[PDB]
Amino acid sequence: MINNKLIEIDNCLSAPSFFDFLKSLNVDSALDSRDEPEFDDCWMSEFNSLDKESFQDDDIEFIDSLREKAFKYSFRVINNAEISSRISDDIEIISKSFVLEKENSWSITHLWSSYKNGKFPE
């Protein structure tokens, strides 16, 4: 079965205007900040830890559908491939963190919380 937390992410991503905040984003400044060591090292630490875990196939398949929604719904707002790519990647690690029930998770308390508060995490 598909993890219920992933269905909740689907509901959030699909909400009207979820990504409209991107209209106010300073794209270059935010991506520059994400490429600096503080953010980049943190993101890669999450990624590397999650890459060692094992996930059910229905969850992986569903996460790929969440990535496609995150990518395309955000692309419709500002048509920026790098932003949409980073959002897709964020949703990948957010989703995996929720499935693992990770507590004190930077992916959830920083990346996902950012999106829920109308901000691109940086």
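For every residue, the number given is its place in the sequence shown, counted from 1.
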Going by the B-factors listed in the PDB entry, is the mean over the C-alpha atoms higher for 107-115 or for 94-102?
94-102
Tell me which stretch, 55-63 or 24-32, has the higher mean Cα B-factor listed in the entry.
55-63
Pull the Cα B-factor of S45 out of the PDB entry and bin it into the chain's lowest, middle or highest third.
middle
Third of chain Cα B-factors occupied by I78:
highest
